[PDB]
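For reference, the structure is listed below as structure tokens.
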RNA sequence: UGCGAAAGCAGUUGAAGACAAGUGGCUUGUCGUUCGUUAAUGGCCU
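Chains as they are written, first to last, in PDB author numbering: chain AG, 9 to 101, 104 to 158, 165 to 215, 221 to 730, 734 to 788, 818 to 831; chain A4, 260 to 345; chain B8, 239 to 328, 336 to 476; chain AF, 2 to 8, 23 to 334, 353 to 512; chain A5, 2 to 35, 46 to 67, 72 to 262, 269 to 368, 529 to 553.
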């Protein structure tokens with residue numbers, strides 16, 4: 009009765025091609041600017057901008073029709089690169107969109123109501139392994155193609177020509193060049209500009230594509246002044262650029278933060294200077310009097326050119342990556358946030374905002390997970406320094422070779438994310454770096470985003486030396502599982518080169534929400550329980566046995582345990598009972614368990630399963646000594662002690678499995694675990710890997726890593745479901761892509777999470822007059 | 260600081276720039292008025308340009324460059340051009 | 239019939255306008271409730287009545303785009319430092342313009358503005374302009390769709406009022422001029438389809454303090470055109 | 002886009032304007048107008064003094080009594096007032112007009128100690144002298160009471176009624192032995208007696224079901240529907256002298272009752288959760304007659320304390354042209370009878386301060402300067418030091434300073450090392466500044482005076498911390 | 002007062018054609034009854060719509080103007096197709112057609128024959144002894160093109176060939192404003208101003224019943240077999256009589278009453294109902310000029326009946342981008358502590534001696550740096 | 001860079017190609033180069 013069904017949405021899937029872009033955004037509007045056609049990795053979303061909802065999705069698994077283009081195993085780099093508005097084949101005749111992914115697969119997708127099940131899966135001849143773009147105007151569409165050196169691609173401008181041979185589009189081969197380090201297209205597409213690197222120095226060209234009009238090249242050594250002839254490469258290096266639609270103005274945003282403006286005929290130099298970090302986002306208006314700029318500071322800054330001044334937008338809560346205006350009269354700013362508070366994933370954030378009061382309409386998220394390391398081609402953006410958030414200019418080949426060969430020669434690849442599920446409304450919390458993301462996966466979006474520290478997350482853009490002021494990372498938060506409290510615990514760091522910079526220090530607090538609001542109010546905080554400088558790593562919440570989920574027992578890596586129960590005579594949270602066995606050793610590989618009726622407390626220390634009672638906080642030493650065994654000892658270093666119900670149990674160590682019965686105080690069964698995992702985990706991570714059902718056990722997940730023919737970029741989910749304390753392998757669900765965690769949603773189902781972040785689940818005459826008046830309505 | 264460009268006939272303002280952050284005291288130009296360089300007590304000398312065909316058709320000036328290479332103040336500038344020096 | 243008689247007002251009537259083609263009157267006063275009536279010769283009623291708190295409006299008007307004529311934006315402003323635009327769609338969505346890009350030190354108020362079309366004159370992106378008054382000699386021309394500061398113009402002496410005169414150039418091209426006065430009464434007449442620079446200036450025969458200038462006869466704010474060739 | 006982040024007993028201690036007026040003798044007890052106690056009377060010797068809720072002094076008084084007077088009591092309508100003296104000729108006369116006397120009728124020749132009207136009837140008045148009998152006189156025909164309420168062993172001394180139950184009169188004598196007579200009875204027996212131990216000081220009825228009596232160094236409660244005690248309290252130096260009760264006033268306590276006990280502090284218990292004090296405030300000695308005003312004082316509310324010396328402490332809580358107006362007439366309509374209503378307001382927040390906006394604009398130097406001034410608060414200085422250490426780099430905050438700017442930092446760490454929550458962090462502050470600024474002190478040898486002064490006082494404080502740690506080690510050994 | 006000048010339902014009750022005035026020019030709008048924006052404007056203020064009737072069959076209105084024209088106006092092609100002139104420049108007062116043949120009645124008392132298939136004027140006759148005349152109705156007996164029923168102020172009956180009065184009826188004290196045949200023998204009359212409809216036999220002329228409203232009638236619809244007559248009163252209520260021809270033996274009162282009040286304590290006046298078999302469509306101007314409708318099922322509603330309608334009265338304008346306190350819900354909410362009770366995880530001397538290793542480290546490094 | 005713990009434990013620290021500069025040639029420094037080792041006065045509004 010169980011089966012794989014991958015359901016919910018994932019990443020926005022932009023042009024994740026380092027310098028192979030000038031736009032890196034094809035989230036288009038209709039020509040009636042009311043609905044937003046945005047691609048994903050998992051869907052196509054059509055949004056009503058007047059309500060910020062989805063009027064129609066085109067999911068990437070519901071049709072084999074489309075997903076023959078992308079449902080394969082290792083070639084899942086089928087990313088989506090261009091959207092046009094009308095039928096390309098027929099001349100302008104009604105409104106259904108066309109779609110190109112990275113392989114030149116022409117798709118003609120339906121746009122209104124319900125789709126017709128014949129998408130014209132057209133394909134041009136040469137588009138075998140490429141698509142940079144096509145560029146659009148009336149009639150003529152001109153494809154930018156890439157062939158193969166010094167790590168420079170070759171860009172060619174061919175034309176889609178299609179007049180009467182109704183089953184073949186043929187290219188027309190206008191332009192050729194073989195050297196690109198950075199390129200860009202205009203906001204109307206009628207002009208582009210690239211660089212060439214061709215030594221007596223590097224050079225920059227600006228070319229037309231729809232005529233013979235303006236085709237020129239010039240070395241940028243003239244644009245580089247004597248100050249940047251002298252000083253370092255962060256001043257010599259172009260970070261971003263922009264061109265005008267007219268063809269008389271070229272912005273070059275240099276990596277220091279200066280924004281040069283050069284002309285076309287006379288080639289003057291003109292300098293714009295406010296940005297302190299590097300600049301990544303440069304675009305002109307359609308009239309070319311305002312220059313939109315977004316850098317690593319959290320501000321959206323737009324320059325009026327004929328005053329050379331600026332209007333700000335202070336707190337975008339992230340890092341701006343690309344921005345332009347795209348209204349035909351120029352009323353809508355499309356842009357990409359990134360918010361690199363987690364360096365693991367390139368988790369962007371698509372949004373547009375009005376030009377009226379700069380209010381944001383339809384912040385389009387993906388699910389933003391909290392991994393442990395970089396995933397699969399996760400490069401870092403170009404800053405001036407090799408900071409903790411990104412690498413510098415000189416470490417491009419260095420960091421890409423380091424990450425690629427690290428994933429080749431590594432053996433430690435867990436990145437197991439911790440989440441939670443809310444028993445009020447069944448949305449899943451991604452506890453972010455010093456924050457949360459409450460994702461309601463029923464319609465694959467968010468609801469809010471609360472900050473969870475009193476740090477420097479919000480009120481300051483992180484600049485070149487403040488980037489190493491990382492924010493206090495939270496580890497986890499516990500729901501009171503009536504859905505009432507976020508009991509969060511977080512670790513915090515100081516800036517380095519300080520005597521108090523040694524320790525990473527700890528703080529917990531308590532959050533209450535009503536069912537009305539989506540935020541949480543802070544009830545109380547507790548700064549370093551169990552004394553100072555002690556981790557509080559494993560805390561367990563309680564069922565409705567004691568006071569309708571008021572029990573939360575805090576633990577330690579040292580092995581101390583305290584009990585914590587809410588009360589109302591003291592309108593506050595406080596503790597109940599105290600224990601700190603101060604071992605002079607420590608071990609952060611600790612699990613815990615607790616009985617669902619409230620009887621047994623299980624401390625799974627470093628290979629000793631000590632047993633306390635509930636009532637008196639101590640080791641149960643009764644008055645009989647007839648198999649009242651209140652201390653187990655397991656085979657090796659364990660990571661989980663899990664109780665599925667009050668009779669039997671699963672403990673998990675590094676090498677094998679074991680099952681325990683406690684009414685019948687013995688061991689039961691065993692499965693192998695080291696034939697599955699080699700060295701993949703860090704200690705304590707099997708706890709957040711597997712999570713029990715209320716009835717039907719748990720799903721131990723096989724961690725695999727598919728070898729080359734070192735691991736290649738094929739991956740696994742061959743998950744085998746277990747029922748009722750290690751009894752049946754009743755389903756081996758096969759899948760070609762990775763996994764991080766599996767949780768239980770309360771309809772006896774098991775939601776799993778992909779790294780390519782797709783959430784899924786294994787679970788259970819007057820009529821003619823009326824019609825013609827409906828046609829005459831508009 | 261408000262460097263304001265007025266038109267001669269019609270006696271009207273033409274442009275304004277509040278880029279100087281102190282009291283402007285001096286400013287000069289060249290022969291056919293392709294540039295104007297200003298300075299005052301913000302110890303900053305900065306430029307305005309009118310060189311390109313768009314600037315000379317629309318008669319428009321852009322705050323092209325800015326430069327601080329001083330210690331306290333400016334109280335005088337002047338400029339010279341030749342075919343042997345500029 | 240008295241056009242207020244269906245649903246009356248309480249404060250003064252500081253602004254009164256007509257829809258350019260539809261049979262609609264707009265009433266706006268200091269009691270910060272801009273009403274719109276459907277008017278006719280027998281019994282004329284209230285279509286809607288937007289109220290907006292904390293903003294006693296001074297002047298407010300209709301606007302339609304010249305290009306596609308399906309915009310129908312009210313613009314309203316009072317003594318405060320913000321004005322409001324409205325796309326009327328028979336529950337309302339109104340935007341609050343307050344982003345002064347270039348000049349932020351010249352508006353103690355928004356209480357005098359006009360709205361006017363213009364062409365691009367290299368392309369033909371015919372679009373709106375809000376023209377706000379300032380305090381010294383400043384009148385700032387914004388965008389109506391976006392809200393961008395297009396530019397500004399300062400005359401010498403205190404602004405008292407201003408008006409907009411269009412003129413045709415070819416079959417499909419036109420040019421807008423802004424006319425502005427002092428209290429002294431020497432006017433500046435400058436086109437603003439190119440950059441705002443004075444192309445004519447002269448002097449009224451008399452007046453110590455002149456108060457209000459209005460152009461008319463052809464098309465204007467109160468009698469706007471619908472097709473671009475109809476200007 | 003978004004904004005920028007920002008980083023009971025209090026009610027009874029916001030009672031102030033505690034002024035003093037010394038009498039010429041002691042204060043027996045007091046009274047309050049029952050319909051509106053905006054005036055009140057105290058029973059001075061040979062005069063009764065009546066004060067308002069505004070001027071806080073005598074607004075009217077009567078002083079043609081010939082002996083020391085004991086009891087002042089308003090009728091429930093609050094128009095006339097009774098007064099019993101040491102002569103035993105109890106006088107009732109109209110209030111808000113002192114110079115008239117309605118009727119002065121003799122009681123027994125013993126000094127009439129207490130005299131109070133019926134709590135709901137407007138024409139029958141209870142008197143008690145030391146004749147071992149109390150009397151329910153009728154003011155319509157004040158020639159003989161209706162009831163010679165006999166049945167006492169010694170010295171009937173304090174009367175009260177039951178509020179909702181009319182026929183029950185709770186009298187109290189100097190025998191313990193709180194009697195409660197029925198007015199339709201023979202006037203010789205109660206239906207039962209309540210067994211207090213000491214001579215009762217006075218008794219009030221705080222419910223129609225529960226009374227509180229006080230006499231001796233503990234006060235008692237008494238249930239009347241079942242003849243039961245549920246509570247006593249005796250945390251007083253002398254006997255609880257007077258009692259008072261109030262219902263439904265403005266506090267985190269719904270209803271209060273106070274006991275005053277000749278020992279400075281007067282205690283404020285509550286029948287919400289069985290008679291615990293919030294906090295009791297002292298006075299200038301033997302507190303004899305002390306009460307706050309009843310419920311309908313309407314904001315302005317006075318507590319008075321007439322001591323056995325005689326000084327009254329009064330502590331009170333107290334919470353162009355027509356054409357231009359017609360030009361700006363429509364200012365208050367606010368959208369009542371028309372279709373839709375917009376609301377787009379930004380809120381004028383709390384007053385952002387100069388150091389706060391210095392943090393907001395990265396003005397770290399003058400943020401430090403605004404921290405280290407005596408005009409600003411000490412805990413504000415601690416919090417801004419903690420927050421700017423957590424926020425920014427102290428190196429780039431101190432990247433160009435000298436010792437003339439550094440000296441209030443050291444001058445305030447001089448007193449802030451002794452703090453409990455900011456000791457090591459201000460030690461980290463001076464650690465950074467001496468970590469990177471030794472060249473300044475070896476150029477200018479001035480501020481090492483404060484360094485060595487700091488050194489000797491921090492040796493004192495580290496000795497203090499060491500001895501405190503070993504004293505809690507004594508607790509650990511004697512666990 | 003109603004801003005609708007006049008209105009009429011299509012047969013079978015699906016569309017409403019209504020003439021309003023809009024800046025001193027009348028315009029005609031059509032609207033279905035479950046948006047349409049083809050307003051046929053008129054030219055000038057001296058040209059206003061007097062009367063109108065649907066036809067049934073290329074769908075079309077015909078509109079008798081106030082000058083002597085009948086604008087046969089298609090609804091699909093948004094213009095007047097044909098312009099039936101008369102010889103006089105006199106304002107007409109009513110039109111009624113049956114099949115091909117159509118009758119018009121002038122202010123100069125003439126009767127005009129037209130045919131909308133061939134676009135001619137067939138015949139043209141005024142008759143004696145009937146002078147103030149404002150509305151007629153052709154009496155149907157299958158193909159009874161003869162014997163039409165003319166009415167103002169005393170109702171007359173006219174054969175079209177003998178061309179004389181055949182039977183007069185007791186009219187009213189006012190001019191007649193509604194004249195609707197309901198069966199093959201009975202017709203409703205109702206004047207302006209009066210509450211009193213009356214059914215007349217067309218053979219014997221005796222009044223069978225007098226229908227008494229509770230206000231002045233404005234218009235009425237009836238079922239096909241005259242088993243139900245709904246009238247709309249002048250004050251905007253509605254009175255539907257059930258079974259009016261069955262016997269309150271002479272003057273039938275109002276059977277059921279319907280008004281449409283809002284939930285704001287505001288009555289909106291309805292007008293121009295339509296009843297077919299067990300369905301009643303009511304119409305009312307929601308905004309100042311747009312007509313909304315409602316399809317009440319008719320037989321099971323109570324005798325008095327109010328219809329609540331949704332109506333913007335004091336509704337808070339809520340954006341699609343802001344919360345209650347007005348913050349952009351496309352961004353993150355801010356951290357705050359509020360008034361939380363701050364305490365560490367202990368319960529004082531051990532709060533002190535926690536940082537005592539840190540305090541001795543800080544002070545010994547202080548002694549270190551001061552001797553350095 | 002690897003393990004591990006808020007801890008110590010082991011190593012990279014290469015080469016080629018091309019260019020720049022000082023002196024056809026030589027000498028000093030780099031690379032939005034293939035390969036290997038796990039190793040710029042420019043700072044946040046209404």
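For every residue, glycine included, the Cβ atom is placed at its ideal position computed from N, Cα and C.
Environment of residue i [buried if 16+ CB atoms lie within 10 Å]
i                     : result
residue 51 (chain AF) : exposed
residue 46 (chain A5) : exposed
Residue range of the alpha helix (DSSP H) that includes residue i
i                      : result
residue 419 (chain AG) : 417-430
Pick from the options that is closest to residue i, judged by C-alpha positions
i                      : options                                                           : result
residue 35 (chain AF)  : 49 (chain AF), 290 (chain AF) and 324 (chain AF)                  : 324 (chain AF)
residue 372 (chain AF) : 254 (chain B8), 270 (chain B8) and 250 (chain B8)                 : 270 (chain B8)
residue 4 (chain AF)   : 349 (chain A5), 226 (chain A5), 532 (chain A5) and 286 (chain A5) : 349 (chain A5)
N- and C-terminal bounds of the beta strand (DSSP E) containing residue i
i                      : result
residue 109 (chain AF) : 104-109
Which parts of the segment 572-654 of chain AG are runs of the beta strand (DSSP E), unbroken and 3 residues or longer, counting only runs that do not cross its ends?
-> Qualifying beta strand (DSSP E) stretches, in chain order: 572-575, 583-588, 593-596, 612-615, 621-626 and 629-634.
Listed from N- to C-terminal order along the chain, which residues in the segment 264-278 of chain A4 have their beta-carbon within a distance smaller than 8 Å of any beta-carbon of chain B8?
-> Residues 266, 269, 270, 271, 272, 273 and 275.
Where the segment 377-408 of chain AF meets chain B8: residues whose CB sits under 9 Å from a CB there | Listed by position along the chain: 377 and 378.
For the segment 48-68 of chain AG, which residues have a beta carbon sitting closer than 7 Å to at least one beta carbon of chain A5?
-> Answer set for the segment 48-68 of chain AG: 58, 59 and 60.
Residues in the segment 382-393 of chain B8 having any Cβ partner in chain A5 nearer than 7 Å = Within the segment 382-393 of chain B8, no residue has a Cβ that lies closer than 7 Å to any Cβ of chain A5.
Chain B8 contacts from the segment 465-479 of chain AG (Cβ-Cβ distance under 7 Å) = The residues in question: there are none.
At what residue ranges does the segment 419-457 of chain AF contain a whole run of the alpha helix (DSSP H), taking only runs of 4 or more?
-> Taking only runs of at least 4 residues, the alpha helix (DSSP H) segments lying wholly in the segment 419-457 of chain AF are 427-430 and 436-449.
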